[PDB]
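Structure first, then comments.
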Amino acid sequence: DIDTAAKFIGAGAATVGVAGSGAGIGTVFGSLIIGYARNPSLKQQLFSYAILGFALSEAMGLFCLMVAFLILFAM
Amino acid sequence: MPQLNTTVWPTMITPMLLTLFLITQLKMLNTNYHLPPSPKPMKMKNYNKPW
């Protein structure tokens, strides 16, 4: 059906939006590497922020996948 | 999507409201941290030598 078809298309489209989270975690962990290479005494503390940074990047990524499934199954 | 089943929402809301605001808060309130023992080796109200 055209409905089911458009569900598949919109699912793939909404899935595209995970590239943002991919690049976001890339940047976060790259910056963590640099910041640790500079001031290693703060490693522990720095790591904390990293996780938090990560925890929000994946956040947005999640929303994408959300619509994906919320179109694939709930609609 | 089962999350959207608005029929069974209160059976999730109520026990959470009970355990997050009453039980857990109590189990915390029982956990107390006494101030550290501070034996004061300087406390002596000795009046001026009588004189």
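Please read every residue number as a count from 1 along the shown chain.
Structure determined by electron microscopy, 3.0 Å.
Placed from the backbone N, Cα and C atoms, the Cβ positions cover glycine too.
Listed in Swiss-Prot:
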- A:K43: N6,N6,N6-trimethyllysine (MOD_RES)
- A:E58: site 'Reversibly protonated during proton transport' (SITE)
- A:16-36: transmembrane segment (TRANSMEM)
- A:51-71: transmembrane segment (TRANSMEM)
CB within-chain contacts under 8 A for A:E58 (site 'Reversibly protonated during proton transport'), separation at least 6: A:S21, A:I25
Tertiary neighbours of the residue listed as 'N6,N6,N6-trimethyllysine' (same chain, Cβ under 8 Å, six or more apart): A:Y36
Three-class DSSP secondary structure - A:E58 (site 'Reversibly protonated during proton transport'): helix
